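First up is the structure itself, then whatever we jot down about it.
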Amino acid sequence: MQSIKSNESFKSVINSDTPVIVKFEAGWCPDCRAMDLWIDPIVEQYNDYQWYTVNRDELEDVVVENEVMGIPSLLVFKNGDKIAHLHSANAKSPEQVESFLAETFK
Numbered sequence: 001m002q003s004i005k006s007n008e009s010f011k012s013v014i015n016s017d018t019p020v021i022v023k024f025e026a027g028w029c030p031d032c033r034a035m036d037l038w039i040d041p042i043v044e045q046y047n048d049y050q051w052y053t054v055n056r057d058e059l060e061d062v063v064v065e066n067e068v069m070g071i072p073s074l075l076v077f078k079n080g081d082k083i084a085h086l087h088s089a090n091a092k093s094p095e096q097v098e099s100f101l102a103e104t105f106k
């Protein structure tokens, strides 16, 4: 998962013809840390898609405008449009993330 470090970079990768998956997170967060222990196989299954991270405190403008309400959240984009949003309250286990991505990519 490559880190996005600016608003322009964010705009740029979300205007992809092929879908893009972005994890919003922060370094202090033990739920964000948890997710990293189990997310790598899901990333591999979903290899065909680009995965990125956004630090929630670093790009607030992005966070607020994409209606990111807690962390970790997983949002999916295609041609600039937000196509799915996994809110952090439901992002607690690999089962939950897998199910969200299956529902979004079906």
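When we follow the entry's author numbering, the leftmost residue of the sequence shown carries the number 1, and every step to the right adds one. Think of the CB as a built atom: it goes at the ideal place given N, C-alpha and C, for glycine as much as any other residue.
* Asked: Apart from the five residues just before and just after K92, which ones in its own chain have a Cβ nearer than 8 Å to its Cβ?
  -> Taking the sequence shown and counting its residues from 1, one reaches residue 92 at position 92. The answer, listed in chain order, is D31 and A34.
* Work out the CA separation of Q45 and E67 for me, nearest whole Å. => The residue labelled residue 67 in the question sits at position 67 within the sequence shown. The residue labelled residue 45 in the question sits at position 45 within the sequence shown. In a straight line, the C-alpha of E67 is about 27 Å away from that of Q45.
* Roughly how many whole angstroms lie between the Cα atoms of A89 and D61? -> Position 89 of the sequence shown holds residue 89. Position 61 of the sequence shown holds residue 61. If I take the Cα positions, the gap works out to 22 Å.
* Measuring CA to CA, which of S9, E95, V64 and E65 is closest to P41? -> Against the sequence shown, residue 41 aligns to sequence position 41. With distances taken between Cα atoms, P41 lies closest to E95.
* To do: Report, in whole angstroms, the separation of the C-beta atoms of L59 and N7, which I expect to be a contact under 8 Å.
  => Locating residue 59 in the sequence shown gives position 59, where the first residue counts as 1. Locating residue 7 in the sequence shown gives position 7, where the first residue counts as 1. Going by Cβ atoms, the distance from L59 to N7 rounds to 6 Å, so yes, they are a contact pair.
* How many angstroms separate the CA atom of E103 from the CA atom of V13? -> Position 103 of the sequence shown, counted from the first residue, corresponds to residue 103. Position 13 of the sequence shown, counted from the first residue, corresponds to residue 13. Computed Cα separation, rounded: 22 Å.
* Asked: So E25 and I71 are in contact, right, with Cβ under 8 Å, and what is the actual spacing, rounded?
  -> Residue numbering aside, residue 25 sits at position 25 when the sequence shown is read from its first letter. Residue numbering aside, residue 71 sits at position 71 when the sequence shown is read from its first letter. Going by Cβ atoms, the distance from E25 to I71 rounds to 5 Å, so yes, they are a contact pair.
* **Nearest to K11 (by Cα), restricted to the options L86, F77 and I39** => Counting from 1 along the sequence shown, the entry for residue 11 is found at position 11. Comparing Cα positions, the closest option is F77.
* Where DSSP assigns a beta bridge to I21, which residues make up the other side? -> Numbered from 1 along the sequence shown, position 21 holds the residue referred to as residue 21. In DSSP, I21 forms a bridge with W51 and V76.
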